[PDB]
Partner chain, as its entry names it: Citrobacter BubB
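Okay, so here's just one chain, in structure tokens, the form solved without the partner chain.
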């Protein structure tokens, strides 16, 4: 629920591993996964590197058994020595193996002890079946230890392989509810869009809900924030504290974790790193970048939502709504980022930071663009965007659409134009993700401002 361990793999690694392990001969295959780790409220194994042992270098590749050289075990050791990375051996569905060496043959337990002798860290042994579902076990001190609670791969479809599990529930059912009850969800921004998203998460039955905002309720936002009261506005109650009490009363249990801070803080980052899903409902370009870096570092699926009601002065009629628009972006670990999609850019973050005079001067110089005029936010649009955001998560965890979920990697709807366009992951160019599975390596999120030193 909160303190449950995780084994996360990127879709790219999983697909490569899956193909290595199930070539089609009906026989066993082996592989090694070097992972970093995060140890906050829970343990997370962040898959980083993958080693595939050739079939030709193996000896007794039979349907039930495989014997492979120790040399490949020794590479993982050295690949995991600098950062004392974890090392998780993988095998095909049965999983029966030995690691033969120049001198003699080692059993599954002997090799886990050897791996721990090489690297002073948690290790493990995992099994994959043809479908790709993975089961794993951890070996602490090179010795049989706790079993992995969840092995997850957040790709175009989100996969949750639970240890307690031995059919897949369709969307909206009790099976969906029970999956969410075992997961954590971070809401970055609890105002307008985020209060609607937080409401849905709570009533969907998420076991743990994080809330990250520094602002407070006020009269102005009593038209948008769910569960807000006039009393809350007169007391300037922190938005996170207000919703936490709301969730508490709704669920009958204190499952919320209010964080009265900006996402641009070690506290928020490290709390969000324990989430199984990130919901970014902020209104700043900087906060979007932070969420983007957390999602890559700790391998957390991300759903970013945004709205806008631009306005212009028509020559004859006068002030006129230019458009009523919404955006939903699904970011999978290892796939295109919000940066790749230009959701935030360096220029946009720089212009956001400029002070009043600074902005004015630069705008005249032509160095910075001009911020568009907008109409006041309205709860109708916020709701339309936010309902599509959570529906996107549901659709990727429990596919119900008649098209691949990849087709809807990006959604852009227009209520004034009455249009809705979808962007495929394959049409988005991607840069080298240097944060992938990095974890809490310092500087945190590669940002010196958040650095511990």
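Positions refer to the first chain, counted from 1.
Absent from the display: the form solved in complex with the partner chain. The rest refers to it.
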Only one of 156-164, 363-371, 135-143, 75-83 sits within 4.5 Å of the partner chain in the deposited complex by heavy atom distance, namely 363-371
To verify the annotation, which of these, 129, 270, 98, 349, has a non-hydrogen atom within 4.5 Å of the partner chain in the deposited complex? 349
Although the partner isn't part of this model, could you tell me whether residue 257 comes within 4.5 Å of the partner chain in the deposited complex, counting any heavy atom of the residue? no
Decide whether residue 359 counts as a contact residue for the partner chain in the deposited complex under a heavy atom distance cut-off of 4.5 Å. no
Give a yes/no on whether residue 330 approaches the partner chain to within 4.5 Å in the deposited complex, heavy atoms considered. no
Residue-level question: is residue 121 within 4.5 Å of the partner chain in the deposited complex, judged on heavy atoms? no
Would you confirm whether the three residues 206, 277 and 303 all fall within 4.5 Å of the partner chain in the deposited complex, going by non-hydrogen atoms? no
Heavy atoms within 4.5 Å of the partner chain in the deposited complex is the criterion; list the residues of 277-295 that meet it. 286, 289, 293
